[PDB]
Every structure is written in structure tokens, then in C-alpha cells.
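Listed in order, the protein sequences are those of chains B and Z. Mapped onto the deposited numbering, the consecutive letters of the first sequence carry residue numbers 1 to 141. Mapped onto the deposited numbering, the consecutive letters of the second sequence carry residue numbers 1 to 9. Each remark here refers to the structure printed beneath this line.
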Amino acid sequence: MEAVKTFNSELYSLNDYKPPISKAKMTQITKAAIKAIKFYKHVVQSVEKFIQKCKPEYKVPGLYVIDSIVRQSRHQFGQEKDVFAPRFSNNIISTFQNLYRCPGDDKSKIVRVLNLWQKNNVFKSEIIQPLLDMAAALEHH
Amino acid sequence: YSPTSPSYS
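Here's what the structure looks like:
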């Protein structure tokens, strides 16, 4: 499972950089995840693990990894052939619960991604709506 | 990174 370990290295190396994360570093992470597509389940698992465990300033970067991988895979393998979005959708509620533990000023950056996902049909709207509701309810509490 | 930035070729 060499391909996964290279992805794991790229993903974890986010900790060596102060957010905002560069286009270039995001690309490296994404290139690594695509190269590991035989183990896409393990990639999704590592990403979900990073998001659960990382410092608060890294939650939005973790979300950008999901966005970046999903979009690249749809571009590279076809919208309807993409394995990553359907796989990420399985634990997405749990994932966003962890993402919303980000700094106050970072909540809006998560909604921006959700709005883009909805606009560009990246995830099914039925998947996206409760995630948006979650962000809204956070502002009333 | 920008979530509107075109995917790499």
C-alpha cells in the first residue's frame, strides 16, 4: 500500500505550513490522492482522520483537500465515474461536525465551499442541505 | 488555494 503512504505524507505535511495553504501544496496533496485511487477508501479514511484530529486552523485546509480531490477526480475520471464524492458522502455529517470545530472566522469559508458544491452539483443537494442547516444553527447558539 | 480555481491538467 505504497500509494497510500505517499498520500499520508502529503496530507500530514499541511502541519508544516501556516494556513492559508498554497495552490501548489494543495495540488501535491491532490496529485498524491489520485495516484492512490486503487485505495480511495483509505484516502478518504486518512482525510477524515486528519479532519477529526488536526488543530482548528487546519479544519478549513482539510475541507479544501476534500474539495480539491473531489473536483480533480471528477475532472480526471468523469463526474459520474468519480469514486471520491460518493465515498466522502458516507461519513459527511460526522466530517462537518468536526470541521465546524474551526475558528469563528473560518465558518464562512466552509459555507462558501458548500454553496459551490451545491451550485456545481459536486455533491447531491440532499447531501448538502443538512450541512448548510448545521452552519446556520451554529450562529443561533 | 481557492475552491473556484480550475482543476489541474
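Beta carbons are placed, not taken as given, at the ideal position from N, Cα and C, and that holds for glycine.
Subject >> Closer than 7 Å at the beta carbon, the chain Z residues around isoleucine 21 of chain B >> reply: By 1-based counting over the first sequence, the position of residue 21 of chain B is 21. Residues of chain Z with a Cβ closer than 7 Å to the Cβ of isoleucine 21 of chain B are, in chain order, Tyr1.
**OP:** Under 7 Å Cβ to Cβ from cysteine 54 of chain B, same chain only, skipping five residues before and after it: list those, please.
**Re:** Locating residue 54 of chain B in the first sequence gives position 54, counting from the first residue. Contacts found: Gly62.
Original post:
Quick check: the segment 72–81 of chain B against the segment 123–132 of chain B, are there 3 or more CB pairs under 8 Å?
Top reply: Touching, no.
Original post:
At a Cβ cut of 7 Å, what residues of the segment 71–87 of chain B count as close to chain Z, listed as they run along the chain?
Top reply: So the list reads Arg71, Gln72, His75, given in the order they occur along the chain.
Original post:
So with Cβ pairs under 7 Å, would you call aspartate 67 of chain B a contact of chain Z?
Top reply: Numbered from 1 along the first sequence, position 67 holds the residue referred to as residue 67 of chain B. Yes, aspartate 67 of chain B lies at the interface with chain Z (some Cβ there is under 7 Å from its Cβ).
Original post:
On the three-state DSSP scale, how would you describe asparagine 8 of chain B?
Top reply: What you label residue 8 of chain B is simply residue 8 of the first sequence in a count that begins at 1. Taken through DSSP and simplified to helix, strand or coil, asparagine 8 of chain B comes out as helix.
Original post:
Between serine 7 of chain Z and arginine 101 of chain B, is the Cβ-Cβ spacing less than 7 Å?
Top reply: As a first step, residue 7 of chain Z is located in the second sequence; it is residue number 7 there, counting from the start. As a first step, residue 101 of chain B is located in the first sequence; it is residue number 101 there, counting from the start. No.
**OP:** Starting from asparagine 115 of chain B, follow the alpha helix (DSSP H) in both directions and report where the run begins and ends.
**Re:** What you label residue 115 of chain B is simply residue 115 of the first sequence in a count that begins at 1. Here the alpha helix (DSSP H) through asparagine 115 of chain B covers 107–119.
Original post:
Quick one: Cα of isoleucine 34 of chain B to Cα of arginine 87 of chain B, how far?
Top reply: Along the first sequence, read from residue 1 onward, the residue named residue 34 of chain B stands at position 34. Along the first sequence, read from residue 1 onward, the residue named residue 87 of chain B stands at position 87. Taking the straight line joining both Cα atoms gives about 14 Å.
Original post:
Using the beta-carbon of each residue, which ones in chain Z are nearer than 8 Å to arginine 112 of chain B?
Top reply: Taking the first residue of the first sequence as 1, we reach residue 112 of chain B at position 112. Within chain Z, the residues near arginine 112 of chain B are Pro3.
Original post:
What first and last residue would you give for the alpha helix (DSSP H) that runs through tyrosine 40 of chain B?
Top reply: Stepping through the first sequence from its first residue, residue 40 of chain B is reached at position 40. Where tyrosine 40 of chain B is concerned, the enclosing alpha helix (DSSP H) starts and stops at 40–53.
Original post:
Run through DSSP, which three-state label would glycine 78 of chain B get?
Top reply: Reading the first sequence from its first residue, position 78 is the one you call residue 78 of chain B. Three-state result, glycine 78 of chain B: coil.
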